[PDB]
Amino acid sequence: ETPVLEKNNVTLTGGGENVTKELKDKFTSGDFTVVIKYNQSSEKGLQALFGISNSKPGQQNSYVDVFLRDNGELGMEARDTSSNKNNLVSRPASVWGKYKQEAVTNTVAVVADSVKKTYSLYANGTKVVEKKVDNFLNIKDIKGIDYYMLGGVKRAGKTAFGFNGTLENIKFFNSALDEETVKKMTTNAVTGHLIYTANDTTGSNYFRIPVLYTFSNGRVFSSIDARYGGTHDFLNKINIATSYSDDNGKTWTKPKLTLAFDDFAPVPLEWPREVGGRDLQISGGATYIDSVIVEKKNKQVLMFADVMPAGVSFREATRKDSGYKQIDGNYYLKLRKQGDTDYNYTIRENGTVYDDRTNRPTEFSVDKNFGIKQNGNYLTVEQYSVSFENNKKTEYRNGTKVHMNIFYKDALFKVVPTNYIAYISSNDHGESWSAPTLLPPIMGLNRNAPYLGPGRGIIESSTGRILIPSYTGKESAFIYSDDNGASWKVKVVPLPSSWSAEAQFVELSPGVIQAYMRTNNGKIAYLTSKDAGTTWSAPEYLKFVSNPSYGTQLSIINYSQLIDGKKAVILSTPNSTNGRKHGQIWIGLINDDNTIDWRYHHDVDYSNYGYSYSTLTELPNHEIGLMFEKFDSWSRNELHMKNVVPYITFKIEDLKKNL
């Protein structure tokens, strides 16, 4: 199939270009595909890449366009005045604006298919949306089309939605092209910045909570939440996926599921984005959520994550029970057998399940990956799938048999419905991993575990103390080990208010560490310890970030090279009171007195573009890796979007801006 019109290198500054002669009545069937490779000179205002309209007086609601907003939303309109049919199809956060001070080339497309009555939009290799509409209009359905233009829409003799930039290449076809052809046509350099993609080797359509870490051997490692039933924190099914690079982040391994349950199949699901329907959740698979990575002195790598039993959400988890008993001074994970009210059982030595009323072993045991055996044989349960087809959610037993697990809703023995922390270890830098270990009840028997602060942990240089950041909702919990991670303890620091205090650490000088964290007051807080984390200062606040009350996670890392003759820290966060937007990377130089001079910053894209959770690492060549949620992950308008967690690289000279 060849285009009815192809144009190259059309630079426009809001005035558009008439192409009526070269497109008039060429859309025989009425269907269309338009593929546009462009870059914007300015993101301001509502801008049309092209417009097909009735330009006559009174016919201002008779047009088709593809549009861009200042927040990266890609959409299309198809409207007819006399039928009063107004179709708008879009998805937030579909395009990129600028990157390292330069306009980004995107390639987008629209397909209108009369037989299916669907409009489809594509950006940078991804089908960002396909929607069937009852009031479907093709070009022939709109009355009195007489004007076709690039970079605007002709409404009552005036150019509306003027485009500012260059249409590097634009192709108009008079048919609906197939999905695979259009994905291929829109694939470009931007496509290559995704490490995790929808329905890759994770099986997940969605992702959140990226983490980057550079190991001692030069390997750059990533982990992420693979979130299967939309991007909901809860209820959902979530696994932790991983992917790594041995060439300074240029190429990455196909992602693997590293922490995953199998009560639910890890399947690609088309989660609804409509008002109302977008609130839909599955009934909940067992879940791993919010990963934290650290490399030990001995090069062993640890990964932590929160563990959620099936159907248990952070909102519903009981705060008054750890899920453990103490018996003869040992902490044993406790179990309730189906049909009991009390928790009468414990997992003791060798995974043997004991009846605590009699202090005798039962027929039952639990292996290192939480699977239940009876007399040495695995009990099983049937896996669940989720499906739509293509309007109504169904959960059903799918014919696959998996091991019965103490975290599953169909288990004969179940854990307390609360949150836990698990960790795993690797001796080959993330190629293979141990079985999980649940953290003992460090908060006490009658409190739930803390919640991890996603990102990294650190090794404090003077003592060797390992620090893992977490929070409870009213306190900071700094989890630590003084024996190279053989045993874990905690410092609980009460906070001014009920902050979701996701934190990250930096070391200023030997023994002096600061914990930077999310608050509920709009500011980033930092607490200071001068005894390697044993005691902490009252909070102080950065003076240059102002965010909404809900706040967002941040990333801060130490940097190994001097900047302006000084030891440096590097911080990533959104900075906007309007939402999770206006991503910034800040360089802080450490003063002789261990205060920080926040001297430089660089804006990641335009200020109304989305920016939520993020993660920084120093690459082995001293460049900076960044992976981030390129959307607003709090907004109810930006839920359940595919392919929006990119990875980018900066030289320090790219970052040394604004002073």
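Residue numbers here begin at 1 and follow the sequence given. We call the rigid core whatever largest set of C-alpha positions still superposes within 1.5 Å between the two forms.
Asker: How do 390-398 and 544-552 compare in 4 other deposited structures of this protein: which one has C-alphas farther from this form after the rigid core is matched?
Answerer: Between the two stretches, 390-398 moves farther in 4 other deposited structures of this protein.
Asker: State which stretch is farther from the displayed form on average in 4 other deposited structures of this protein, 272-280 or 381-389, counting RMS CA distance after fitting on the rigid core.
Answerer: Output: 381-389, the stretch lying farther off on average in 4 other deposited structures of this protein.
Asker: Please compare 293-301 with 253-261 and name the stretch with the higher mean C-alpha B-factor in the deposited structure.
Answerer: Averaged over C-alpha atoms, the B-factors run higher in 293-301.
Asker: When the Cα temperature factors in the entry are averaged, is it 71-79 or 535-543 that ends up higher?
Answerer: Per the deposited B-factors, the answer is 535-543.
Asker: Can you tell me which of 107, 197, 181, 390 has the highest Cα temperature factor in the record?
Answerer: 390 has the highest C-alpha B-factor of those listed.
Asker: Can you tell me which of 53, 621, 617, 33 has the maximum CA B-factor listed in the PDB entry?
Answerer: Comparing C-alpha B-factors across 53, 621, 617, 33, the top value belongs to 621.
Asker: With respect to C-alpha B-factor, does residue 168 fall in the lowest, middle or highest third of the chain as deposited?
Answerer: Middle third - that is where residue 168 ends up once the chain's C-alpha B-factors are sorted.
Asker: Would you check the entry's CA temperature factor for residue 143 and let me know if it's in the chain's lowest, middle or highest third?
Answerer: Its C-alpha B-factor belongs to the highest third of this chain's values.
Asker: Split the chain's modelled residues into thirds by Cα B-factor; is residue 333 in the lowest, middle or highest one?
Answerer: It falls in the middle third of the chain.
Asker: Name the third of the chain's ranked CA B-factors that contains residue 630, choosing lowest, middle or highest.
Answerer: Ranked within chain, residue 630 CA B lands in the lowest tercile.
Asker: Quick check for you: using the entry's CA B-factors within this chain, is residue 561 in the lowest, middle or highest third?
Answerer: According to the entry, residue 561 has a C-alpha B-factor in the chain's highest third.
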